[PDB]
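> Quick one: structure below, then a few questions.
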Amino acid sequence: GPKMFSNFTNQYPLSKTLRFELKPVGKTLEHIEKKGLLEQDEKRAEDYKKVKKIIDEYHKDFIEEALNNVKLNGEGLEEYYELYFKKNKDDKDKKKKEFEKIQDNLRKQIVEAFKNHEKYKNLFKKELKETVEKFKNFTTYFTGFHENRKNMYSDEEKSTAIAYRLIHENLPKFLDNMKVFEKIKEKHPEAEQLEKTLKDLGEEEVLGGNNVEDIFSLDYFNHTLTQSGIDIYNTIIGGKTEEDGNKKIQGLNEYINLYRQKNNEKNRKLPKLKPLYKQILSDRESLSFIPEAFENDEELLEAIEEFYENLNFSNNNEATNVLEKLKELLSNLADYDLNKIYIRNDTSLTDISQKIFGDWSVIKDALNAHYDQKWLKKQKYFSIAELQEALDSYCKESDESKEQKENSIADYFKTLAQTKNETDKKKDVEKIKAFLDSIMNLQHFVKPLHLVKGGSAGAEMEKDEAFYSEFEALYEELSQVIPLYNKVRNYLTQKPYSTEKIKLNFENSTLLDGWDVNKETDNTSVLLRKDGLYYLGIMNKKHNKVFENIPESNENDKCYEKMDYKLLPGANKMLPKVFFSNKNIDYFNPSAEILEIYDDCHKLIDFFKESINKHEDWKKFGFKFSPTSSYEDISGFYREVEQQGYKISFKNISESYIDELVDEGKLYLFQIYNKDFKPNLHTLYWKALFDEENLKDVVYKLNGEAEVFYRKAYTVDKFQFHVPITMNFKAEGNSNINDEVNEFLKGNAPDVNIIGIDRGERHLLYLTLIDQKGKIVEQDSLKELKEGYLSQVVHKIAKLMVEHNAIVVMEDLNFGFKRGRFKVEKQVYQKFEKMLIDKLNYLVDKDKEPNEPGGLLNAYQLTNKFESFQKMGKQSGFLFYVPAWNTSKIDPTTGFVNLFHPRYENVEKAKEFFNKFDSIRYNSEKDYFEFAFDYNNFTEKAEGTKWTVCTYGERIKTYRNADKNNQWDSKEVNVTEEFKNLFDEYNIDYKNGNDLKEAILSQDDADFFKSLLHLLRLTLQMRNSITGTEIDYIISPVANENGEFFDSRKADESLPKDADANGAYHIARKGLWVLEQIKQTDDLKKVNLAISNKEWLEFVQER
Ligand SMILES: [Mg+2]
Ligand SMILES: [Mg+2]
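Taken in order, the sequence shown gives residues 1 to 128, 148 to 392, 412 to 464, 490 to 661, 676 to 754, 761 to 796, 834 to 902, 939 to 1259; the numbers are from PDB author numbering.
Printed below as a string of C-alpha cells:
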C-alpha cells in the first residue's frame, strides 16, 4: 500500500516461539499416566537419588563422629562466652569487629577438624550396596554435588556452614536460654518436677550420666554439638514422648506456662524458650535443615510466636518493645538535626508525597526544579534539610499562598508512627496474615530512613549519633520479617504439582545422522497431520527405528500425513568436517595441499560446489547456487548452503498402523491445537510453515527443536508445546534500517504523517496523528488489565502506521524529566515500548494477500531489533524517541509556555518581580488585564519573545489537600473579577486605562502581593482540571494574532479537543522537527536527533 513501507519487507531474520496446547489422543493419556515420561531417565534419576542418599548418610555419620571429639578447651569458647554476652559490640565498632574476628577464628578451628578426619570420606569410591556397585553411570554432574557438600563443610559465613549454625545462630539462643535460666532458676523450689521426673526419664539412654543443670553449664557445649545433644536439649526443653507412649511429660515451657496463679502484672509476657536447631532433621532428609519451606504448620506457629515474643518482649532491660520504641524514636526526629539524616531517593519519595500533599509528584518535581537543574547529579541518598528546603519553595502549583508545612517530613513521620490508626498493638491464617501485613506496612513506611549497605555511590557523610546509632541497631530487629515473610510466601503457598520440561528434536532425514554429528539424540519426535489438525509424535528411545522400512501396507486405507524434515545446520562448521576433516577424506581427494588451511577461497567454493554433486542425499535439496566466481568471503557462500538446505516433504502413512502404534505404546501422540483450532497469528504462522506458497521460497522455517510442558503432580492434566520458528528465513542481513529509513524520509517527506504518544494524566496513553502542517487527523485511546490494554493500543498504533502513511514518535524515559502526574508507571511504559517494537519488527495483516507487501509472505519490518542502547536519538527504524517532557502545558496555536515561576517570598523579591513587566494595563473594551513583558528579563531566553498575557478568565483553582480544613475542592474562578476586587480593595484605580505598574510598585502590604502573585500564577495556569471528573481543558492566556484565545472546550477538531491531547499533539509536533532535520541534513550517517528544550522552544514559538 504505502510507498515507503513497501520497500521494508525483507530486512532481517526474526525468531519466535509458538505456544500451543496438546490434548492426548486415545491410549496416550493412560500410557503417560501409568508408565510416565521417558523411563530410562527416570530410572537414572532414581538411582542418582539413591546413591546421593547413601552419600548423605555417610557424610552425616562422619560429621557426627568428627564432632563427637571436639573439646571446648581447645576451641576457646570459655573466654568467648563473656565477650559474646558482654553486649558492648553495639557501643563501639572496634569491639564488634574484634568479636567478628574471634568468631571467624573459632569457625576456622571448628572446620579445620573436618576435612582430614575419618579418611577424608570415601565418596570417590562411591562415585565408581547393589545400587553403588553398578548403576546407570552416564557421567552425571556429581562434581557439583561434591563441591556443594565441600562448601557446606567450609566456613564461608553462609547458611551451609556448620560453624555458622553452631556459633552465629545456635550460640545466641544458648546464651538467651542461659540468661533466662539464671532468673527462673528458682521456678521449681520443691525440685520434684526438675529432677525426679526429668533427669531419670529423659536420660535413660545414657543411664542418667548427666543432670538437668549439666546441660545448663557453659563448659558442656560440646555435648549439645552432636545431633544427640540437640535431641536431648529439645526433649528437655519441650517434653518427650517417653517409652510409655502416653505420659507426655511436660517440658520447661509448659512448666513455666503454669504460672497463672500469679495473675499480677509481673507474671505474663513470658519469653518462650529457644530450642536448639538441628541439622539433617526432617521426615526423610533435610540437608542441614535450610528453613526455606518448613515442614508443617507447627514450625510456622513456633516461628510466628518466637518473633511475636522477640518484638513486644516484656519491657525488661530497658524498653525492649520495638513497636513503641521505634514510634517514639521517629517522633523524636524533629528535635534531632536534619542536616545529617538521610532519605532514600527510590520510589519511597512517592509514598511520602502522597501523604503530605496528596499529590504523588510534588516532591519529585520540587527536587528537579529548585535543588538542581545537567543530569541533576543523581545521587542515591538525599537529606532531610535539603528536602525541606526544596519543599519550602516548589512554585506552589495550586494551594494556599502560604502553606503551614512547618517540619513537613518530621510531621509526616511522627503522625504516621502513632496517629495513623492508633491500633499498632495487636493458628488461623487470617490473624497471621494480618499481623505479617501490618509489619510489612510498618517496615515499608520506615524503609526510606534506612541506609543501604555502606558507601553507596558516595554520600554517607558523617551522620548524627543520637538518632542514626539507635536507628541502625533498631531496624535489624524489625528487618527480620523480610526473610521470614518469604517463608510464609514459600510454605503456605505451594503447588501440589510440578512443571517438567522435555526437549524434542525433529528427526532430520539427511544422511547427517550417525555420520558426523550424533552428540545428543534427545527425544526424537515426528509431526503428523490428518485433516488439518497437526499432531506431535514423540517416540520412545527404545523404539527409535519404528518409522523405518514401513511399506504403507495396501492402498484404499485412510492415511495420516507425516512430515519428512530435511535440514542442513551450521554450513560453515559442518560442511568442511565431512569433506576434508574426517570421514575418509582420501575418497573425495581434494589434494591442493588441503587448500592450505581449511582466489583460494573461490577455488575452495568451487570444490565444494562440485563435491556436493557427488553426494546423493545432499543433491536432493536441488541446490541452485549463484554464478561461480561472484562470491564475497567464503562464509557468505556457506549461507546459501544453509539457506537452500532446509526442505519439508509430506508422505502418507496408514492410519491403522498409527492406531496400532499408539495402542502398543511406542508412540506418544498429542493433538496440537489452540483453543480456536478468531484466527490467531500463531495459528497463521503455524499453518504457513507447511504452506505450498511458502515452501517454494522459504519465509518461515521450523528450527528443529521443541519443548513440551506438562503439569506432573501419577496423573497429568495440562500440556503445552513450545515451537521456536524462524521468520524471514531467506532474508538479507540488512539490520539497522535507520540508514535507509532516513533516505526515504529525506526523499518523500511531504506525504509523511506523524503519530505522537504521550503518558496522560487522566488516560494512560494518548495518541494524536498530526499531518505535516500541524493539523490533527485522528485522536484516539480511552497481566490481564495492563497487558490487555497495551496489547490493544499497540494494535492501533501498528494500524494507523500503514493506513495513514505515518511514523511514530515516542518518549525517551532516561533522557528527560516529566513534570506531572503521568498515569503510566515506569515498569508499564518500559514494557509497552518493548511490545510496540516487537509488533513493528514483523507486522503482518491476515486480510492482505500472502504475497502483498504487507501479507503473510511479505511482512513489514519497520523497526530494528530491541537494543539496550541508550543514546540521544535512538531512532528505531520508523519509531523515533524524544526526551521526556511535560508538553501538556504548551499552547498549540502559538507555542506559549509559562516560564515565569512566580512564588510568594520576601516583599523585596515580590517588588522586584513586578518591575520587570513592561505594562500591567487593563483593557476595559474587552474587560481583561494585559500583562506586557519580555522573557529576557525573567530567564535566559532568546530575548525576542515579547508576549502579552491576557486574563481571559474562567479558570479552575484547587484549594488544598485534606478533607475539610484543607480541601481538594476545585472552584471555577473568574480571574478578571478577582483581579478587579483585589485592586479595588487596596485603593488602586484601573478604570481610566492607565498603567498599573507604578501603583503596584507603591503598595507595601505583604498580603496584597500574596494575592497578586497567586492571581498571576492562576492566569498562567493553562492545564486546569476538575478533580474526579472529566473536565480538563487548555485555556490560553496569550493572544492568537486575531484577538482569539485557545480553549479546548470550544476548539474544533483541527486543534486538540482535550487537555491530554495537547500533550500528545506536542510530542507528534516534535517529530516534525525531526523530519525537517532529516530533510535539511547532508550526512545521513552521523545526524543529530537530540531534542533540546532551547532549540525546540524556538521552533514552536516560529509557528
Ligand atoms: Mg509527556
Ligand atoms: Mg501530558
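Heads up, the beta-carbon is just placed ideally off N, CA and C, and yes, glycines get one too.
Using 7 Å as the cut-off, classify the Cβ of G972 as near or not near the heavy atoms of ligand 2, replying yes or no.
For this step, residue 972 is matched to residue 816 along the sequence shown. Not under cutoff, so the answer is no.
> Specify which residues have a beta carbon nearer than 7 Å to any heavy atom of ligand 1, listing them in chain order.
Output, sorted by chain position: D878, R879, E967, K974, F978, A1040, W1041, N1042, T1043, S1044, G1219 and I1223.
> Between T159 and the rest of its own chain, which residues show a CB-CB distance below 7 Å, the 5 nearest in sequence each way excluded?
For the purposes of this step, residue 159 is taken as the residue at position 140 of the sequence shown. So the qualifying residues of the chain are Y48.
> As a quick exercise: from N997, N1054 and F376, pick the residue whose alpha carbon is nearest that of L1035.
Here residue 1035 refers to the residue found at position 879 when the sequence shown is read from its first residue. Per the Cα distances, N997.
> On the DSSP bridge assignment, give the partners of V1131 in chain order.
As a position in the sequence shown, residue 1131 is number 975, starting the count at 1. DSSP, once it has assigned bridges, lists no residue as partnering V1131.
> Taking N858 and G1033 to be in contact with their CB atoms under 8 Å, please state how far apart those CB atoms are, rounded to whole angstroms.
Numbered from its first residue, the sequence shown carries residue 858 at position 738. Numbered from its first residue, the sequence shown carries residue 1033 at position 877. About 6 Å separates the two Cβ atoms, so the contact holds.
> Can you list, in chain order, the residues of its chain with a C-beta nearer than 6 Å to that of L352? Leave out the 5 residues immediately preceding and following it.
The count along the sequence shown starts at 1 and reaches residue 352 at position 333. Same-chain partners within the cutoff: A448 and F451.
> When you compare only the Cα positions, how much space is there between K1067 and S1158?
Numbered from its first residue, the sequence shown carries residue 1067 at position 911. Numbered from its first residue, the sequence shown carries residue 1158 at position 1002. The straight-line gap from Cα to Cα measures roughly 9 Å.
> Assuming the contact rule is C-beta atoms closer than 8 Å, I382 and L429 should be a hit. Round their C-beta distance to whole Å, please.
On the sequence shown, position 363 is the one that residue 382 refers to. On the sequence shown, position 391 is the one that residue 429 refers to. Going by Cβ atoms, the distance from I382 to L429 rounds to 7 Å, so yes, they are a contact pair.
> Using CA atoms only, rank isn't needed, just tell me which of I256, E1186 and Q280 is closest to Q269.
As a first step, residue 269 is located in the sequence shown; it is residue number 250 there, counting from the start. Minimum Cα distance to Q269 is reached at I256.
> Taking buried to mean at least 16 other C-beta atoms within 10 Å of its own C-beta, is residue 1283 buried or exposed?
Missing from the structure shown is residue 1283; the chain here goes from 1 to 1259 and no further.
> Relative to ligand 2, is the shortest distance from any of its heavy atoms to the C-beta of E881 smaller than 7 Å?
What you label residue 881 is simply residue 761 of the sequence shown in a count that begins at 1. Yes - ligand 2 has a heavy atom lying nearer than 7 Å to the Cβ of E881.
> Could you name the residues that DSSP lists as bridge partners for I1112?
As a working note, residue 1112 is residue 956 in the sequence shown. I1112 is bridged to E1128.
> Determine the contact status of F326 and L505, defining contact as a CB-CB distance below 8 Å.
Position 307 of the sequence shown holds residue 326. Position 442 of the sequence shown holds residue 505. No, the pair does not count as a contact, with Cβ atoms beyond the cut-off.
> What did DSSP end up calling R977 once you bin it into helix, strand or coil?
Translated into positions along the sequence shown, residue 977 becomes position 821. The answer is coil: DSSP assigns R977 none of H, G, I, E or B.
> Counting pairs of Cβ atoms below 8 Å between the segment 976–994 and the segment 732–750, do you hit three or more?
Output reads no: the segment 732–750 does not touch the segment 976–994.
> From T846 to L785, what distance separates their C-alpha atoms?
Residue 846 sits at position 726 when you count from the first residue of the sequence shown. Residue 785 sits at position 702 when you count from the first residue of the sequence shown. For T846 and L785, the distance between alpha carbons rounds to 7 Å.
> Beta strand (DSSP E) containing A789: first to last residue?
One-based indexing of the sequence shown puts residue 789 at position 706. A789 -> beta strand (DSSP E) spans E788 to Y793.
> Taking 7 Å as the cut-off, does the CB of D1216 come closer than this to any heavy atom belonging to ligand 4?
Of the ligands this structure carries, namely ligand 1 and ligand 2, none is ligand 4.
> Buried or exposed: where does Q1177 fall if 16 or more other Cβ atoms within 10 Å of its Cβ makes it buried?
Looking up residue 1177 in the sequence shown gives position 1021. Classification of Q1177: buried, given that the 10 Å Cβ count is 16 or more.
> Count the other C-beta atoms from every protein chain shown that fall within 10 angstroms of the C-beta of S712, then say buried if there are 16 or more, exposed otherwise.
Mapped onto the sequence shown, residue 712 falls at position 635. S712 should be labelled exposed.
> Cβ-heavy atom distance between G600 and ligand 2 below 7 Å?
As a first step, residue 600 is located in the sequence shown; it is residue number 537 there, counting from the start. Answer for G600: no, Cβ out of range of ligand 2.
> Can you tell me whether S588 is buried or exposed, with buried defined as 16 or more other CB within 10 angstroms of its CB?
Your numbering for residue 588 matches position 525 in the sequence shown. Buried is the call here.
> I need the straight-line Cα distance from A634 to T17, nearest angstrom please.
As a first step, residue 634 must be located in the sequence shown, where it is residue number 571. As a first step, residue 17 must be located in the sequence shown, where it is residue number 17. Cα to Cα, the separation comes out at about 23 Å.
> Are the segment 176–186 and the segment 293–309 touching, with three or more C-beta to C-beta distances below 8 Å?
Touching, yes, given that three or more Cβ pairs across the two stretches are closer than 8 Å.
> Since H842 is in the beta strand (DSSP E), which residue starts that stretch and which ends it?
Mapped onto the sequence shown, residue 842 falls at position 722. Segment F839 to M847, the beta strand (DSSP E) holding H842.
> Let me know the secondary structure DSSP gives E737 once reduced to three states.
Start at 1 with the first residue of the sequence shown, and residue 737 comes out as number 660. Note: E737 maps to helix in three-state DSSP.
> Provide the residue span of the alpha helix (DSSP H) that contains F161, from first to last.
Within the sequence shown, residue 161 is the residue found at index 142, counting from 1. Unbroken alpha helix (DSSP H) run through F161: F161 to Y172.
> So, for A869: in the same chain, excluding its five sequence neighbours on each side, which residues have a beta-carbon less than 6 Å away from its beta-carbon?
On the sequence shown, residue 869 is found 749 positions in, with the first residue counted as 1. Excluding sequence neighbours, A869 sits near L1231 and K1235.
> Are there any heavy atoms of ligand 2 lying less than 7 Å away from the beta-carbon of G26, as far as the coordinates show?
Numbered from its first residue, the sequence shown carries residue 26 at position 26. Checking every heavy atom of ligand 2 against the Cβ of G26, none is found closer than 7 Å.
> To test your reading of the DSSP string, which unbroken alpha helix (DSSP H) runs of 4 or more residues are found completely within the segment 523–574?
DSSP runs (the alpha helix (DSSP H)) wholly in the segment 523–574: 528–542 and 544–554.
> Nearest to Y1142 by CA position, among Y84, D1163 and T573, is which residue?
As a working mapping, residue 1142 is identified with position 986 in the sequence shown. Taking only the C-alpha atoms, the option nearest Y1142 is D1163.
> Could you say which of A1040, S901 and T243 lies nearest to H951 if we only look at CA atoms?
Walking along the sequence shown from the start, residue 951 turns up at place 795. Ranking the options by Cα distance to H951, first place goes to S901.
> Round the Cβ separation of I1191 and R1111 to the nearest angstrom and send it over; I've been treating them as touching at under 8 Å.
As a first step, residue 1191 must be located in the sequence shown, where it is residue number 1035. As a first step, residue 1111 must be located in the sequence shown, where it is residue number 955. The Cβ separation is near 6 Å, so the contact holds.
> Determine, using beta carbons only, whether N1196 and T1104 come nearer to each other than 8 Å.
In the sequence shown, residue 1196 corresponds to position 1040, counting from 1. In the sequence shown, residue 1104 corresponds to position 948, counting from 1. No, the pair does not count as a contact, with Cβ atoms beyond the cut-off.
> Compute the minimum distance between the beta carbon of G976 and the heavy atoms of ligand 2, and state whether it is under 7 Å.
The count along the sequence shown starts at 1 and reaches residue 976 at position 820. Within the cutoff, so yes.
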